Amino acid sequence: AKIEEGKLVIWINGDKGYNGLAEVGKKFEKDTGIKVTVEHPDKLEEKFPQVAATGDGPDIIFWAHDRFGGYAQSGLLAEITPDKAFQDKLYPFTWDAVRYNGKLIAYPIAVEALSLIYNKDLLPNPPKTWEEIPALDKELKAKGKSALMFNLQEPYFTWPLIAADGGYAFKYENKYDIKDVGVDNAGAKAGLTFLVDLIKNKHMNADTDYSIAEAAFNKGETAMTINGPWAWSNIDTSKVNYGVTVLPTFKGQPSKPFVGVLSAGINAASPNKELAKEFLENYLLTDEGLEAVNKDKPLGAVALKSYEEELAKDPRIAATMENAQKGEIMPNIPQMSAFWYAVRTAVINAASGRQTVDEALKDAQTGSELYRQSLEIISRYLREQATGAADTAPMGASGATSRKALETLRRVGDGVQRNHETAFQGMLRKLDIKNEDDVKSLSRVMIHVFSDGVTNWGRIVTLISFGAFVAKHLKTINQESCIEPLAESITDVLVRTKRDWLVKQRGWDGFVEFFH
């Protein structure tokens, strides 16, 4: 659980040009004598947060920018401080994607969007609408072919259709109303229903994954796929005559892909930060570094202006950027992980018939909102307990649940602190909480005490009640500013460790019901 000094270990996804990246790594070694090892582990985006938390993991991690806010919030990423001469070399909007709480937390590499990829020998004129695909499949079935196959196991691929008629993740208005989540509105239902009808009508198969769709397209069995620039390499190898074009419309509106910026972050625990900065700035993020990677697997529209000027002339890149402009740049906020996990489950379940569309997307909504809803409740309870007066500000979206949960919490939590005063007092003294630093350390003890045994609402109340007990203390010793970080810490333990149980209860609505 310690990163070796004097070399660089890099993680990148197995669908990217890791062989090309290693070539850049060989050029680095040739100059510096430093060995660069490139790995592509399965589920690297899930592994990185676990291993980095213990001071382990790679020196550099590559992923789309959406995951990096969560990493940064957890303290896992070194701040990046390029000089102006280096910053000026990349498009300002790519830097924006890797900015979190005012600070740059990675190097942007390339802009990625999904496009429609089509076999020009089977389909000289690709469909402009989703709606015409059923009839097109019927035509192609008569030839022993099919219209469309794409990965149905990852929600990234289905999201453009879900968002077309009005589905959205976190509402953007001045900022991201994390409280306003749009995964179960009429637009999202209409899009996912269209997909589920395609499967029911035998135009697609719920089990199709990345590998199956890729093989089917690259063997000329299906006339269309939906994929990103990284996929073009393998299609070149297959010698399918393909084009890349704008995704189909749904209900007269453009498909709206979530746009990712492939980004390179530096592990906060790396003893090799200067090596990493040197590698990224002066080897990778150059014309020749990016070309080496791009020649292995296309990056998309790269962040480096000098090299993108060349790539932009490619009609596949123009198509990529057209789709991107119709879509939206992903948030990098910490709750994106939870959003993706919820929507993944919803798509799979609706596709398989395990849930209806309405059942599936309702669960997704609950799952995506759970962090913020929980924090509203816990923060307000903590602060009103500590100060003696309630917060007057409006709840917001799903404000009844919040209000009702806080009402219930007050009633059911009243007993608890009195009833367990002695044990709460004893635990308080052993913890010796004095400052914000102490608060940040509590996470481990807290997890431990809330571990094992059973899960029920009473125990959740006990968790939060001790929270309020600590908050009251923090206020009396003039550390009122520590209550909000205490609330965040309790929320994080709750929603992570109890996610599936919470969603099963219909979230905080279950709580209000249970103590009715």
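Note that residue numbering follows the sequence shown and begins at 1.
### Query
Taking the recorded C-alpha temperature factors, which stretch has the higher mean, 163 to 171 or 296 to 304?
Between 163 to 171 and 296 to 304, it is 163 to 171.
### Query
Between 39 to 47 and 445 to 453, which has the higher average C-alpha B-factor in the PDB entry?
According to the entry, 445 to 453 carries the higher average C-alpha B-factor.
### Task
Would you mind checking which of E112, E214, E131, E421 has the top Cα temperature factor in the PDB entry?
Largest recorded C-alpha B-factor: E421.
### Given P82, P108, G252, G327, the residue at which the Cα B factor reaches its maximum
Out of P82, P108, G252, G327, the record gives the largest C-alpha B-factor to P82.
### Task
Could you tell me which third, lowest, middle or highest, the C-alpha B-factor of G69 occupies within its chain?
As the PDB entry reports it, the C-alpha B-factor of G69 lands in the lowest third of its chain.
### Message
Please place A231 in the lowest, middle or highest third of its chain according to the CA B-factor in the PDB entry.
### Response
For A231, whose C-alpha B-factor we compare with every modelled residue in the chain, the answer is the lowest third.
### Task
Going by the recorded CA B-factors, say which third of the chain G75 sits in, lowest, middle or highest.
Its C-alpha B-factor, which the entry lists for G75, ranks in the middle third among residues of this chain.
### Query
Based on the entry's values, in what third of the chain does the Cα temperature factor of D500 lie: lowest, middle or highest?
Highest third, going by the recorded CA B-factors of the chain.
### Task
Within this chain's modelled residues, let me know which third the CA B factor of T32 belongs to: lowest, middle or highest.
Within its chain, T32 is a highest-third residue by C-alpha B-factor, going by the deposited values.
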